[PDB]
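Numbered by the deposited numbering, the letters in the sequence shown go through residues 1851 to 2328, 2333 to 2357 in order. All C-beta atoms, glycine included, are put in the ideal place defined by N, C-alpha and C.
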Amino acid sequence: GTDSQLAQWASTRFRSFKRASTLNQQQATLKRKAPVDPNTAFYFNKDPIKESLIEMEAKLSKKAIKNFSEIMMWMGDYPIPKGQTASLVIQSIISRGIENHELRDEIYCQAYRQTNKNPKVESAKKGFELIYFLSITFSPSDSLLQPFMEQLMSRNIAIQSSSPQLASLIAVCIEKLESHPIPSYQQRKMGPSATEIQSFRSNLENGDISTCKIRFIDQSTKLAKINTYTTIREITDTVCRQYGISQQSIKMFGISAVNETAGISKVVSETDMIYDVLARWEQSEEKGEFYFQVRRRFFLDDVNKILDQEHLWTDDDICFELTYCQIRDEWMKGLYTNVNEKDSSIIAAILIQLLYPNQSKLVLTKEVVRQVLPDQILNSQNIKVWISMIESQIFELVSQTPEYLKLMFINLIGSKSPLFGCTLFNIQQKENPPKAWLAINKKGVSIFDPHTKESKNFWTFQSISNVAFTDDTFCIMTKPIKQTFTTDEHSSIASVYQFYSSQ
């Protein structure tokens, strides 16, 4: 008999209900045909809408028109152009909803309308999937919230018996709208990736737990449990526990986004949402595939005292092993070059004793030298000269345990490299060099020339009263002198700076 809560809400807001009222108020004018019925605006149509459903400003209506065609693309009722995909389409819709706040009710109404009296069940379900992905991001207005929920509840009651799967999908939408207001630290910034989409689908279909693949430095992997709101800090904690890193060491670890084809290894902020990162990777124009890699991020102990404070490094033997493995890998990638040929030959000698514990049985070859010296160092002399220099250092090497050789290797690298234990961020400067490295470690903040690896500036944590961030800068307050660096990595920089300075 009486109109639904949604229809009552739409009566004073929808174009179709308003135009019919202005035809009822000033009824003196002659009508051409019967009134088309204002409720038809709530029903599916194969054609793209020519104006927004809700009466609003023409600037907002124009964006609502483009949004409608995108909803149609997501639902498979409008084709997707050459350089686009379904994940990219829904990311656009949610982005429009995030930044155009007054377009939110209109997004929810367009999605819902397209689920009501749709001739294809494989289009209406996608319409409800979109409602789910909107409900995890932003709330509809306080005015629309209850009437819209009551409508979903009615559609659930009407389809419970015939379609219990589609009913579970509507029930999750209702759960996610009931969850609002979402706390600030949990508010998602991106729409879903094709990964998040598939995980959501197979969890409703099969009930199986969603996981994310995380690599370690040894190239081994771990599957971490992932939810809508999982942060990078939470996944780092879980994979590290799975690997066997002790409770106290877990805080020293972090995650980097690694792309091998396009040489990128970028720190991932511990406060980012893992699903927001996955969406950002889809949006990247970089060639190749990205993957997450656990790395030891923080180094609080003095590398110069490692041989006399072994327990600080070896008590957690899993953490020690991952640490040794990480420094060895950086050495093999040529990251440590503040080393002369004698120092490199000593390093090569230790690393050979670690690969071949039987000192007497050693036959030194070109192939053995390549396992322990990076090309960057090897380039400086003929490999035959390296064999001879390494053979000489091996004569000065006494029998040692594998653990002690790993500590000796770290001590040598650590003592000779000013970048050891630093987290590096690419920064832009008007000073020389224009493209520099912001280095943050246990001592403070530095600026390093990437070419020479020479430190241009250094500020201890004691000498910095406060820090500040903008969307494109990092600022340190150092007597009042402000030092500013161009970078968009405020989130990762704040986490690294807070950790080290707070000690």
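{"Item": "Residue of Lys1896, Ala2017, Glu1956 and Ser2195 minimising C-alpha distance to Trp1859", "Value": "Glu1956"}
{"Item": "Among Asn1950, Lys1975 and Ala2289, nearest to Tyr1962 - alpha-carbon criterion", "Value": "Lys1975"}
{"Item": "Best match in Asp1927, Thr2187, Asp2151 and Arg2005 for proximity to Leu2228 [C-alpha to C-alpha]", "Value": "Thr2187"}
{"Item": "Residues that DSSP places opposite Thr2081 in a beta bridge", "Value": "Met2123"}
{"Item": "Buried or exposed (CB count within 10 angstroms, at least 16 for buried), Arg1882", "Value": "exposed"}
{"Item": "Supposed close pair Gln2001, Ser1854 - CB separation, criterion 8 Å", "Value": "6 Å"}
{"Item": "Residue burial classification, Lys2026 (beta-carbon count within 10 angstroms, cutoff 16)", "Value": "buried"}
{"Item": "Per DSSP, cross-strand counterpart(s) of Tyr2141", "Value": "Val2108"}
{"Item": "Reference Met2258; option with closest CA among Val2219, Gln2226, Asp1887 and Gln2159", "Value": "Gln2159"}
{"Item": "Extent of the continuous beta strand (DSSP E) to which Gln2337 belongs", "Value": "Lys2336 to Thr2340"}
{"Item": "Of the residues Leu1980, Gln2250, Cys2062 and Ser2119, the one placed nearest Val2022, counting alpha carbons only", "Value": "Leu1980"}
{"Item": "For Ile1904, three-class secondary structure by DSSP", "Value": "strand"}
{"Item": "Exposed unless 16 or more other CB atoms sit within 10 angstroms - verdict on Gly2041", "Value": "buried"}
{"Item": "Cβ-Cβ separation, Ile2064 to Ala2074 (assumed contact under 8 Å), whole Å", "Value": "5 Å"}
{"Item": "For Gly2041, the three-state DSSP class (helix, strand or coil)", "Value": "coil"}
{"Item": "Neighbour-count burial assignment, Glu1907, 16 or more Cβ in a 10 Å radius", "Value": "exposed"}
{"Item": "Bounding residues of the alpha helix (DSSP H) (the contiguous stretch that carries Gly1977)", "Value": "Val1971 to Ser1985"}
{"Item": "Proximity winner among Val1939, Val1886, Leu2054 and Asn2077, relative to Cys2062 (alpha-carbon distances)", "Value": "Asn2077"}
{"Item": "Stretch-stretch touch, CB-based, cutoff 8 Å, three pairs: the segment 1910-1917 with the segment 1888-1896", "Value": "no"}
{"Item": "Simplified DSSP state of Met2182, which is helix, strand or coil", "Value": "helix"}
{"Item": "Minimum C-alpha distance to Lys2101 - residue among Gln1964, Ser2070 and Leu2150", "Value": "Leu2150"}
{"Item": "DSSP three-state assignment for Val2222, whether helix, strand or coil", "Value": "coil"}
{"Item": "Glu2304 versus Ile1948 - alpha carbon distance", "Value": "44 Å"}
{"Item": "8 Å contact criterion, which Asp2179 and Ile2067 should meet: CB distance rounded", "Value": "6 Å"}
{"Item": "Whole-number beta carbon distance between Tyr2035 and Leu1994, since they are thought to touch under 8 Å", "Value": "Going by Cβ atoms, the distance from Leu1994 to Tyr2035 rounds to 25 Å, so no, they are not a contact pair."}
{"Item": "Of the listed residues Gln2133, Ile2124, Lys2280 and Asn1874, nearest to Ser1945 (C-alpha basis)", "Value": "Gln2133"}
{"Item": "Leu2288 - DSSP class collapsed to helix/strand/coil", "Value": "strand"}
{"Item": "Contacts around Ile1986, its chain only, beta-carbon distance under 7 Å, and the 5 residues preceding and following it disregarded", "Value": "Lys2026, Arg2038 and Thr2078"}
{"Item": "For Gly2057, three-class secondary structure by DSSP", "Value": "coil"}
{"Item": "Residue span of the beta strand (DSSP E) that contains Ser2296, given as start and end", "Value": "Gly2294 to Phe2298"}
{"Item": "Within 8 Å, strictly: CB atoms of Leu1903 and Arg1865", "Value": "yes"}
{"Item": "Burial state of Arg2145 (16 or more Cβ within 10 Å)", "Value": "buried"}
{"Item": "Which listed residue (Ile1930, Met1922 and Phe2319) has its alpha carbon closest to that of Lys1970", "Value": "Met1922"}
{"Item": "Rounded C-alpha distance that separates residue 2370 from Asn2232", "Value": "Residue 2370 lies beyond the residue range present for the chain, which begins at 1851 and ends at 2357; the question has no answer from this structure."}
{"Item": "Three CB pairs or more closer than 8 Å across the segment 2240-2247 and the segment 2187-2204", "Value": "yes"}
{"Item": "Exposed unless 16 or more other CB atoms sit within 10 angstroms - verdict on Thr1935", "Value": "exposed"}
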